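Data block below; observations after.
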Amino acid sequence: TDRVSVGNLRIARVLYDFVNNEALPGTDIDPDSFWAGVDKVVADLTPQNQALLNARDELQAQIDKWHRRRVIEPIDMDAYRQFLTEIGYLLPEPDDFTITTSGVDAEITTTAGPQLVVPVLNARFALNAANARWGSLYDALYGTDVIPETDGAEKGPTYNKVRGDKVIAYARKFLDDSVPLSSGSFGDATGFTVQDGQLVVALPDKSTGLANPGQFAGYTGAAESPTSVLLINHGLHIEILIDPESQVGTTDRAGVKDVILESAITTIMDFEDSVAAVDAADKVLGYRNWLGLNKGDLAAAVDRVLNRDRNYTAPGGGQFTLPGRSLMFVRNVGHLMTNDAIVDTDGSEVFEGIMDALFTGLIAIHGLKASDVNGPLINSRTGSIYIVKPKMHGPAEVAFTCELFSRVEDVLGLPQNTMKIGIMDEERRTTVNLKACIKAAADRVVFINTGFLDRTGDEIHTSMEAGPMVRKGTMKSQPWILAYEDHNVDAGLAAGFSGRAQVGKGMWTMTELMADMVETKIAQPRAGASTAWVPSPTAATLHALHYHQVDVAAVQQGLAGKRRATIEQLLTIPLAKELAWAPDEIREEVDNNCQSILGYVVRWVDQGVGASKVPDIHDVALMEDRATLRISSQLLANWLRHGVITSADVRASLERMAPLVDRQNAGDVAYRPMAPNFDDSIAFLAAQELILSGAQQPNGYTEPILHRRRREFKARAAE
Ligand SMILES: N#Cc1cc(Cl)ccc1O
Ligand SMILES: N#Cc1cc(Cl)ccc1O
Ligand SMILES: N#Cc1cc(Cl)ccc1O
Ligand SMILES: N#Cc1cc(Cl)ccc1O
Ligand SMILES: [Mg+2]
């Protein structure tokens, strides 16, 4: 083996070298003391990690039997509910409390805005996401379908003036709506000046300052004729670039060149469901990118660097600076998987979540400073490290994560509670015990959130034996999920999240449907979410519009003390009613789910890509993560289980959709087709396995199968 022995651990050389040569220097942590800490943390915490996974299996088996030994048509909720309490699935609700989490950056406690999630294994994307804190509104409007191509604003190889003009008008109305003038409209502005700590806007007729002068935040260049004017609204900045020289500014009545929005306030650098990392080499690539980001020297080759901070003149005089970069969280993997990056003496792989805490925590130290050996860029000015933890089931698993972070802080020599936690609410046993989960992390929690895919996957798997479930599309409006969304906001606010910690909602997946996003995604801040997930920097800029229209702080205040979801609502199983479906509707749903699986698995298994623009069955581009596999495979496993469809149906769908997916990947020079030799494609076989073995996977998790198939591919490719 190419391994290094440290106590009971045998560490992959690639990882040992990375940590010693790249991660450790500049941290003041003694290398041999670090590794001994790794050996000791792994040895101490592994058994409980194991015991927790065992508890999941034990609870699910009891729930499985419970549904099987039941022939009373509609389920008795009273009985079901007491049954869940009896087995310790539904724990008592704690007394009310407020979180004590301190040392938290302003982007999290206070500001409400868009949040990016990006695969850390892709340096270019990581870099763009980090630089996406400031983005052009003009770029976003012109380049997407928010401005229709009617009358006659079609895009083309060259600049369309008619289109640019609608871009301009759209932005002018946004300004009027956000930072209103005392009189008149920005549409008729002819110039901007700063006179006596105040913004002065020229109109043909008169001159006006702002309805609320407080919104004036700063400016660049001369107060005389500024190069830009900085506005603020709802905590978020707006920057009017004034430059009559530019090709856009030449046409503008006030010389305006662009409107720049503070967009991606925070960004999650992801080691989990948006990446494909199945061994030491993959983990090191990710860790190395996370390192370059924290040092601030990560640079990507097209033909590329992190942005510097932005310098302004305050309204009353004096220079100040605003961050040029999104504040970075890291999303570690959850409690389930092991990874061969480290094995013990007996050859057993080490828990990946435990490793992630150690290595991403170690690396994050660099982001708390700026130097020669450390790179010239900072992440947290309050001294915090921000880790999102996915896929936890209940408060014992939350407490275990907190204990893990405490032990890691010890090894790293960090103050206790440096490592803050974001609790993803994406498993049913967390949803119904959420107050307890927050309390378990009361001195660390900076974030909770919801999302469609994983949580619905868990919903299906948990009640697998209860009956056939409604269709995937129908799931988005089921009583359980609407109660889940509201209950998440209720819990966070009740725990005092407003002014302290983020309350997040899920990803907008339809990357090209930006008109639709702008029209509908406003529902999330309107529901009291201080953040929500966007699939790109362009989408972050556009989603930012919503936080200007909606006063999230005020919304949160109005919802205080409300109990909008009952536990009965949360526990309403999405069972289909009798005879819900025509045969062609059934076929459509099978094809849909088989296409989702094939389209995502083929890029994952063959190219190690876990996030990309994947055309769905109707050629709509979607940016989903691995959780798309979990929902899709569990639904099909469920329909198979209850005889909605046959094994022949599934196979035939798979064979139908495969050439389709092949066709959808024509642009890709590196692509290997699945059809017509289905049984020779590792990716096709993976897709089939996820479905046929779906019901048997722990909580419906796809990683054990997916990772195996990707390792199989890598090996075949090596020979
Ligand atoms: N898969 C899996 C698994 C692993 C451990 Cl260590 C315990 C229980 C499980 O289901
Ligand atoms: N072409 C073009 C274009 C136009 C505007 Cl108004 C903004 C960004 C662009 O790339
Ligand atoms: N930038 C960027 C980006 C890329 C992928 Cl593949 C996914 C999400 C993102 O924000
Ligand atoms: N859906 C979805 C989704 C996609 C990416 Cl790329 C990241 C996180 C998500 O929840
Ligand atoms: Mg998830």
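Here, A, B, ... name the chains of the structure tokens in the order displayed, residue numbers run from 1 inside each chain, and ligands are numbered from 1 in the same displayed order.
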Checklist entry - Neighbours of range 51-59 of chain A within 8 Å (only C-alpha atoms; same-chain residues fewer than 6 positions away dropped), as a ChimeraX atom specification? => result /A:87,89,335-336,393,396-397,698-699
Checklist entry - Within 6 Å of ligand 3, counting only C-alpha atoms and all ligand atoms: which residues, as a count of residues only? => result 11
Next on the checklist: Just want the 12 Å neighbourhood of residue 716 in chain A, counted on only C-alpha atoms, with same-chain residues fewer than 4 positions away dropped. Output as a PyMOL selection string.
Outcome noted: chain A and resi 605-606+680-682+709-712
What are the closest atom pairs, with distances in Å to one decimal, for all residues of range 311-429 of chain A lying within 12 Å of range 625-644 of chain A? Consider only C-alpha atoms, order rows by chain and residue number, and present the result as a Markdown table.
```
| residue | atom | partner | partner_atom | distance |
| --- | --- | --- | --- | --- |
| A:390 | CA | A:627 | CA | 11.3 |
| A:391 | CA | A:627 | CA | 10.5 |
| A:426 | CA | A:627 | CA | 10.3 |
| A:427 | CA | A:627 | CA | 11.8 |
```
Item to check | Backbone DSSP call of helix (DSSP H, G or I) for range 630-661 of chain A, listed as a ChimeraX atom specification | outcome: /A:630-641,647-661
Checklist entry - Looking at only C-alpha atoms, which of A:548, A:526, A:389, A:471 is the one that sits closest to residue 234 in chain A? => result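 Nearest candidate to residue 234 in chain A out of A:548, A:526, A:389, A:471: A:548.
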Which range 244-303 of chain A residues have any atom within 12 Å of an atom of range 443-460 of chain A, and for each, what is the nearest pair of atoms with distance in Å to one decimal, counting only C-alpha atoms, rows sorted by chain and number, as a tab-separated table?
```
residue	atom	partner	partner_atom	distance
A:266	CA	A:447	CA	11.5
A:268	CA	A:447	CA	11.6
A:273	CA	A:454	CA	9.9
```
Name all residues at most 9 Å from range 295-297 of chain A (count only C-alpha atoms; drop same-chain ones fewer than 5 positions away) and give them as a tab-separated table (two decimals) with C-alpha atoms, in the first residue's frame.
```tsv
chain	number	residue	atom	x	y	z
A	290	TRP	CA	-11.06	24.77	-0.03
A	305	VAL	CA	-8.56	35.29	-9.32
A	306	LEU	CA	-10.49	36.08	-6.13
A	363	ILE	CA	-8.00	24.36	6.53
A	364	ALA	CA	-10.52	27.01	7.62
A	366	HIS	CA	-6.27	30.05	7.13
A	367	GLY	CA	-9.42	32.02	6.32
A	368	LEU	CA	-9.22	33.69	9.73
A	369	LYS	CA	-6.07	35.58	8.70
A	370	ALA	CA	-3.99	36.99	5.81
A	371	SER	CA	-0.21	36.64	5.32
A	373	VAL	CA	2.49	31.90	4.16
A	374	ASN	CA	-1.29	32.27	4.58
A	375	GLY	CA	-2.31	34.15	1.43
A	376	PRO	CA	-3.71	37.71	1.39
A	377	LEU	CA	-7.47	37.15	2.03
A	378	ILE	CA	-9.88	36.84	5.03
A	379	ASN	CA	-13.23	35.00	5.42
```
Checklist entry - Taking the backbone alone, and naming residues the way the document does, which bits of range 526-570 of chain A are strand (DSSP E) by DSSP, as a PyMOL selection string? => result chain A and resi 531-534
Include N, CA and C atoms and write out the residues we just selected as a PDB file, in the first residue's frame.
```pdb
ATOM      1  N   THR A 531     -32.703  33.583   3.830  1.00  0.00           N
ATOM      2  CA  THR A 531     -31.877  33.191   2.684  1.00  0.00           C
ATOM      3  C   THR A 531     -32.535  32.093   1.867  1.00  0.00           C
ATOM      4  N   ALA A 532     -32.053  31.911   0.643  1.00  0.00           N
ATOM      5  CA  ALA A 532     -32.557  30.853  -0.231  1.00  0.00           C
ATOM      6  C   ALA A 532     -31.538  30.542  -1.311  1.00  0.00           C
ATOM      7  N   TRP A 533     -31.606  29.332  -1.860  1.00  0.00           N
ATOM      8  CA  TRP A 533     -30.557  28.838  -2.740  1.00  0.00           C
ATOM      9  C   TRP A 533     -30.762  29.138  -4.223  1.00  0.00           C
ATOM     10  N   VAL A 534     -29.689  29.575  -4.880  1.00  0.00           N
ATOM     11  CA  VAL A 534     -29.730  29.915  -6.305  1.00  0.00           C
ATOM     12  C   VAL A 534     -28.666  29.104  -7.050  1.00  0.00           C
TER      13      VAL A 534
END
```
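Relative to CA of residue 601 in chain A, CA of residue 278 in chain A is found at 14.2 Å.
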Next on the checklist: When you count only C-alpha atoms, which of these residues is closest to residue 316 in chain A: A:621, A:92, A:687, A:196?
Outcome noted: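 That would be A:196, the residue with the smallest distance to residue 316 in chain A.
Note that the spacing between CA of residue 646 in chain A and CA of residue 615 in chain A amounts to 26.4 Å.
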Item to check | Separation of CA of residue 330 in chain A from CA of residue 598 in chain A, in Å and rounded to one decimal | outcome: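 Computed distance, CA of residue 330 in chain A to CA of residue 598 in chain A, equals 28.4 Å.
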Checklist entry - Hey, which residues come within 12 Å of ligand 2 if we count only C-alpha atoms and all ligand atoms? Could you give them as a PyMOL selection string? => result chain A and resi 135-144+147+153-171+246-252+256-260+538
Serialized selection, C-alpha atoms, as a PDB file, in the first residue's frame:
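Contents of the output file part11.pdb:
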```
ATOM      1  CA  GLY A 135     -22.891  41.112  -9.822  1.00  0.00           C
ATOM      2  CA  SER A 136     -24.119  43.150 -12.795  1.00  0.00           C
ATOM      3  CA  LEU A 137     -27.891  43.625 -13.009  1.00  0.00           C
ATOM      4  CA  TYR A 138     -27.490  44.596 -16.671  1.00  0.00           C
ATOM      5  CA  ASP A 139     -25.647  41.364 -17.469  1.00  0.00           C
ATOM      6  CA  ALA A 140     -28.329  39.369 -15.638  1.00  0.00           C
ATOM      7  CA  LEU A 141     -31.233  41.127 -17.341  1.00  0.00           C
ATOM      8  CA  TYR A 142     -29.812  41.230 -20.868  1.00  0.00           C
ATOM      9  CA  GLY A 143     -28.528  37.651 -20.859  1.00  0.00           C
ATOM     10  CA  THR A 144     -31.622  35.899 -19.478  1.00  0.00           C
ATOM     11  CA  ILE A 147     -36.440  40.642 -20.587  1.00  0.00           C
ATOM     12  CA  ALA A 153     -35.531  42.684 -28.333  1.00  0.00           C
ATOM     13  CA  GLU A 154     -34.053  39.448 -29.650  1.00  0.00           C
ATOM     14  CA  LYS A 155     -30.578  38.461 -28.595  1.00  0.00           C
ATOM     15  CA  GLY A 156     -28.010  37.963 -31.327  1.00  0.00           C
ATOM     16  CA  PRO A 157     -24.247  37.748 -31.892  1.00  0.00           C
ATOM     17  CA  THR A 158     -24.074  41.532 -31.473  1.00  0.00           C
ATOM     18  CA  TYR A 159     -25.474  44.134 -29.064  1.00  0.00           C
ATOM     19  CA  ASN A 160     -29.207  44.882 -29.482  1.00  0.00           C
ATOM     20  CA  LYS A 161     -29.977  48.505 -28.557  1.00  0.00           C
ATOM     21  CA  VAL A 162     -33.715  47.875 -28.323  1.00  0.00           C
ATOM     22  CA  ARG A 163     -32.979  45.128 -25.797  1.00  0.00           C
ATOM     23  CA  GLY A 164     -30.427  47.213 -23.874  1.00  0.00           C
ATOM     24  CA  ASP A 165     -33.060  49.931 -23.525  1.00  0.00           C
ATOM     25  CA  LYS A 166     -35.528  47.548 -21.851  1.00  0.00           C
ATOM     26  CA  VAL A 167     -32.679  46.396 -19.594  1.00  0.00           C
ATOM     27  CA  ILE A 168     -32.183  50.036 -18.639  1.00  0.00           C
ATOM     28  CA  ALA A 169     -35.883  50.702 -18.046  1.00  0.00           C
ATOM     29  CA  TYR A 170     -36.235  47.584 -15.892  1.00  0.00           C
ATOM     30  CA  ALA A 171     -33.326  48.772 -13.738  1.00  0.00           C
ATOM     31  CA  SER A 246     -19.138  53.297 -22.150  1.00  0.00           C
ATOM     32  CA  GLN A 247     -21.198  51.859 -25.025  1.00  0.00           C
ATOM     33  CA  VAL A 248     -24.232  51.586 -22.754  1.00  0.00           C
ATOM     34  CA  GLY A 249     -23.539  54.888 -21.032  1.00  0.00           C
ATOM     35  CA  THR A 250     -23.426  56.615 -24.431  1.00  0.00           C
ATOM     36  CA  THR A 251     -27.128  55.881 -24.804  1.00  0.00           C
ATOM     37  CA  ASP A 252     -28.143  56.579 -21.194  1.00  0.00           C
ATOM     38  CA  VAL A 256     -25.407  55.233 -16.378  1.00  0.00           C
ATOM     39  CA  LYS A 257     -23.378  52.188 -17.480  1.00  0.00           C
ATOM     40  CA  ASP A 258     -24.623  49.449 -15.141  1.00  0.00           C
ATOM     41  CA  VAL A 259     -26.368  48.789 -11.849  1.00  0.00           C
ATOM     42  CA  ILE A 260     -24.411  46.453  -9.585  1.00  0.00           C
ATOM     43  CA  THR A 538     -26.684  35.359 -12.480  1.00  0.00           C
TER      44      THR A 538
END
```
At a cut-off of 9 Å, using only C-alpha atoms, what residues contact residue 602 in chain A? Leave out same-chain residues fewer than 4 positions from it and give the result as an mmCIF file with C-alpha atoms, in the first residue's frame.
```
data_model
loop_
_atom_site.group_PDB
_atom_site.id
_atom_site.type_symbol
_atom_site.label_atom_id
_atom_site.label_comp_id
_atom_site.auth_asym_id
_atom_site.auth_seq_id
_atom_site.Cartn_x
_atom_site.Cartn_y
_atom_site.Cartn_z
ATOM 1 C CA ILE A 597 -31.710 9.031 -12.788
ATOM 2 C CA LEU A 598 -30.007 8.217 -16.121
ATOM 3 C CA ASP A 606 -18.459 8.492 -16.098
ATOM 4 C CA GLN A 607 -16.996 11.977 -15.492
ATOM 5 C CA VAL A 661 -30.050 10.955 -22.527
ATOM 6 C CA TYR A 671 -19.330 11.344 -23.412
ATOM 7 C CA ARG A 672 -19.778 7.554 -23.632
ATOM 8 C CA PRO A 673 -23.269 6.479 -24.813
ATOM 9 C CA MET A 674 -25.323 3.978 -22.790
ATOM 10 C CA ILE A 682 -21.528 0.914 -15.780
ATOM 11 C CA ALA A 683 -23.678 4.066 -15.597
ATOM 12 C CA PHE A 684 -26.779 2.327 -17.010
ATOM 13 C CA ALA A 686 -25.920 1.932 -11.698
ATOM 14 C CA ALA A 687 -29.214 3.516 -12.680
#
```
Next on the checklist: From the options A:327, A:481, A:510, A:705, which residue's atoms come nearest to ligand 1, counting only C-alpha atoms and all ligand atoms?
Outcome noted: A:705
Checklist entry - Out of A:506, A:361, A:347, A:180, which residue has the shortest atom-to-atom distance to residue 11 in chain A when counting only C-alpha atoms? => result A:347
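Every protein or nucleic acid residue with an atom no more than 6 Å from residue 12 in chain A, counting only C-alpha atoms and leaving out same-chain residues fewer than 5 positions away, appears here: residues 3, 341 and 342 of chain A.
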Quick one: residues within 12 Å of residue 193 in chain A, only C-alpha atoms counted, chain neighbours fewer than 4 positions away excluded, as a PDB file with C-alpha atoms, in the first residue's frame?
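So the final result, stored in out.pdb, reads:
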```pdb
ATOM      1  CA  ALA A 189     -32.515  61.398 -14.072  1.00  0.00           C
ATOM      2  CA  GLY A 197     -23.292  64.645   2.690  1.00  0.00           C
ATOM      3  CA  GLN A 198     -26.322  64.217   0.453  1.00  0.00           C
ATOM      4  CA  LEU A 199     -27.094  62.634  -2.916  1.00  0.00           C
ATOM      5  CA  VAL A 200     -28.442  65.092  -5.476  1.00  0.00           C
ATOM      6  CA  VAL A 201     -30.277  63.713  -8.529  1.00  0.00           C
ATOM      7  CA  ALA A 202     -30.818  65.951 -11.564  1.00  0.00           C
ATOM      8  CA  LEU A 203     -34.184  65.921 -13.334  1.00  0.00           C
ATOM      9  CA  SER A 207     -33.588  68.488  -8.456  1.00  0.00           C
ATOM     10  CA  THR A 208     -34.326  65.984  -5.720  1.00  0.00           C
ATOM     11  CA  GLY A 209     -32.651  63.913  -3.027  1.00  0.00           C
ATOM     12  CA  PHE A 216     -27.372  56.951   0.531  1.00  0.00           C
ATOM     13  CA  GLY A 218     -21.398  56.207  -0.256  1.00  0.00           C
ATOM     14  CA  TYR A 219     -19.876  57.100  -3.608  1.00  0.00           C
ATOM     15  CA  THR A 220     -16.684  56.795  -5.652  1.00  0.00           C
ATOM     16  CA  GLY A 221     -14.683  59.545  -7.352  1.00  0.00           C
ATOM     17  CA  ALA A 222     -15.450  63.243  -6.844  1.00  0.00           C
ATOM     18  CA  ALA A 223     -18.490  64.395  -4.870  1.00  0.00           C
ATOM     19  CA  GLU A 224     -18.630  66.782  -7.836  1.00  0.00           C
ATOM     20  CA  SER A 225     -19.338  64.163 -10.486  1.00  0.00           C
ATOM     21  CA  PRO A 226     -19.094  60.704  -8.894  1.00  0.00           C
ATOM     22  CA  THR A 227     -17.910  57.638 -10.797  1.00  0.00           C
ATOM     23  CA  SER A 228     -20.551  55.715  -8.843  1.00  0.00           C
ATOM     24  CA  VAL A 229     -23.216  56.172  -6.206  1.00  0.00           C
ATOM     25  CA  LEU A 230     -23.696  53.585  -3.480  1.00  0.00           C
ATOM     26  CA  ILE A 242     -21.887  56.405 -13.849  1.00  0.00           C
ATOM     27  CA  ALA A 254     -27.812  60.072 -17.017  1.00  0.00           C
ATOM     28  CA  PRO A 315     -21.526  60.356   2.534  1.00  0.00           C
TER      29      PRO A 315
END
```
